[PDB]
Each structure stands twice: as C-alpha cells, then as structure tokens.
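A single chain comes next, written as structure tokens; it is the form deposited without the ligand.
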C-alpha cells in the first residue's frame, strides 16, 4: 500500500540515483496521506521533484494548492516521521539532515497534529 511496501530498497536507491542524473537540482520527495486521515483528500501521485531552493513554508503552500484546499482546512506535515522544528529552512538543508537511507525525503500529512 505505502511507497516503501511497493518498491524494494534496491529499486528506491536506483530511482534516487536516476533523479540525481536527470534532475540534479531537484529534491526527491515522497508525500503520503496519514493512514488514519478522514478529512483531507489523497494526492494525484506519490513522488515529487521539489526545487532545492524552496523552504518548508513554501512546500506546505505548494501541497495545499495541489490538494485544492480552502483557507480553513487544517494541514500538518511530518518530515522523516516527526514535526518540523522550523518551516524557514531551505529544503536542500532539510534533505541533508532528514533524508532516508534510500535517498528519498519522506513526508506524511494529516488534518490533526496528532498522527
């Protein structure tokens, strides 16, 4: 069902290596809906190539637009399994510290702070 269950570790590593070769300025991001989530919709895809200069505040705005949310729908994003300490950090810096061993950056979204 989840990305890590659909693709082998070998397959995920090789896909991150191809993104380095073909899209060298992009961060490879996996974005999934929390398995408990009732309110927010699912995304149209799983794997996102994010320009490495955007900060987390802008990435939250990008994902809200992609989900076509309105102003009073709540949205919380986990990175590497946990809350973001700051939304001001450039995603290139977030990637270097929070990347998975497969080389993806894993994010999960919910309408409650309680995942």
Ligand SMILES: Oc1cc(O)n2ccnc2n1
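Numbering follows the first chain given and starts at 1.
This next part talks about the form deposited with the ligand bound, which is not shown.
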| item | value |
| --- | --- |
| Residue 39, heavy atom within 4.5 angstroms of the ligand in the deposited bound form | no |
| Heavy atom of residue 34 within 4.5 Å of the ligand in the deposited bound form | no |
| Contact flag, residue 83 vs the ligand in the deposited bound form, heavy atom cut 4.5 Å | yes |
| Members of 66 to 89 lying within 4.5 angstroms of the ligand, judged by heavy atom, in the deposited bound form | 75, 76, 77, 78, 83, 84, 87 |
